[PDB]
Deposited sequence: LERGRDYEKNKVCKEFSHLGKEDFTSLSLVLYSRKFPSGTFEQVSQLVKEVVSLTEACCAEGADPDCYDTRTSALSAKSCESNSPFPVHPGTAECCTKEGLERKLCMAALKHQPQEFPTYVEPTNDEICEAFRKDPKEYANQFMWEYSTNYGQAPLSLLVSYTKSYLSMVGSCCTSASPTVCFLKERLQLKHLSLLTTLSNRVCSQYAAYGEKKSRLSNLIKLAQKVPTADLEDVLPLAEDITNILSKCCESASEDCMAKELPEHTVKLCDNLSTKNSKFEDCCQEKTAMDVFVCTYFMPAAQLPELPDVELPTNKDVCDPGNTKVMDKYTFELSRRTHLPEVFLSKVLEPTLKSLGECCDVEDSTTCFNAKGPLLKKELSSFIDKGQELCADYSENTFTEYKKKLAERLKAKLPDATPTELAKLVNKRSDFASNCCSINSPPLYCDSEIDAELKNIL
């Protein structure tokens, strides 16, 4: 099939446009790849796609061990086969740095080097938002470049940009949003992602019922598994609006913040508004015990797992990157009392262990993030230094400044409701063993 699909899109588009696609395609794959590298790999990839439309696909492998971008662990794969490389997954770029230049910078760069300007743009935009579906990336960059080409040669560039930008605002927002939401999905995988979104919703609207939010976590998860990856037909645009309707139908009346978000002029704005919403103050209800019962074994439903996750989230002041991090191992541990000779026995024993481990994790995590959510950043720094002073009596102002600096930096990246999963997974591990 595809052994003729690579060749089909080549002929249908032609070498140049097929090179623009490949540029976007590979920039997504190598988030850390430099412009020269990515462009070089593309130079040669198209090269063979033109000729062989395996014999020279091998030429690449070898040469890759270089002018080409490098995935983490390429040195290993170069041990040989040898195509251990096509198995190396890339980690998403969780810290975009893309900033659009002023109109003059764009037009000047464009008048001088039309090809290079568009290659620099496709490469930079695609490496920063590489998790948005290819179809969306390809579409926004062509519409964008079409705007640049058109406006920079118009009777009045300025007003042209004012108007064109307003008409691309939607597709622009959809692409960066998609990158974010789809990058969290790829980071966690479908199961953790689903729980993650359930946790965030529980934190945003603690007064709701599992029933009000579970359908929401389910829906977005389905939308992500269906639309994060599409080569030419984007469905994120077809799916999100109705998703905002489910969101509003279920939480519009349960929460003032949501009621307002549901007033936005577009589904994109409503969505963005509910995404940025921080974890609300938790009503702090009674504690909840681990779901140590045969009901968590249900292959057909995670009902019990979801209910626990939901109830934990709305009672525990702790960021979702923390909850998601400890829930995966914990729910998986319990799950080991399912396919055994006696489930009740394996639960009564495992119970006290997981409980203490979970509490230890929650306690240290609540310490790592103490005061961050309830205060403005500066007012947070102050209370933080104060807590550290109390714990480190012989600490010199300099040693304290380093600790406040280190801890506050960590908290600004891993205590918000939308902290970067991959980056915080590592940092959280490091910080737990701290103090």
Could you give the ranges of the deposited sequence that carry no C-alpha coordinates? 1 to 6, 60 to 68, 81 to 83, 99 to 102, 458
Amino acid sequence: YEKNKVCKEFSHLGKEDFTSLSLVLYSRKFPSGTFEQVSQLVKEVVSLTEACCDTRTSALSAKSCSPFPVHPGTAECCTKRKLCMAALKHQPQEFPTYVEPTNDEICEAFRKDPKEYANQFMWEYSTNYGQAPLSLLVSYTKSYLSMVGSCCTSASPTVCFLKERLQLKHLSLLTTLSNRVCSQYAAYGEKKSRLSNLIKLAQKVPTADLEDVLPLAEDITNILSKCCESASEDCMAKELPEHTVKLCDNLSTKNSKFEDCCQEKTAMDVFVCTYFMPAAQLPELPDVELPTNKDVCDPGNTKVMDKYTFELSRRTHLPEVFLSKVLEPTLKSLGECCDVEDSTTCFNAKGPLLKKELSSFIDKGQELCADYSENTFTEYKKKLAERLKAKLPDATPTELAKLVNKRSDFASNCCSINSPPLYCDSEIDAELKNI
From here on, numbers count along this sequence of modelled residues.
Segment of higher mean CA temperature factor, 340 to 348 or 94 to 102: 340 to 348
Higher-B stretch (mean Cα B-factor, as the entry records it), 354 to 362 or 82 to 90: 82 to 90
Which has the highest CA B-factor per the PDB entry: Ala401, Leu388, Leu41, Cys369? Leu41
Highest-ranked of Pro72, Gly189, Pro133, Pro157 once sorted by CA temperature factor in the record: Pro72
Where the record places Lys63 (Cα B-factor, split into thirds across the chain): highest
With respect to C-alpha B-factor, does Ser27 fall in the lowest, middle or highest third of the chain as deposited? middle
Chain-relative C-alpha B factor for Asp17 (record values, thirds): the highest
Per the entry's values, where does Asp425 land by CA temperature factor relative to the rest of its chain, in the lowest, middle or highest third? middle
Taking only the Cα B-factors deposited for this chain, tell me whether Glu284 sits in the lowest, middle or highest third. highest
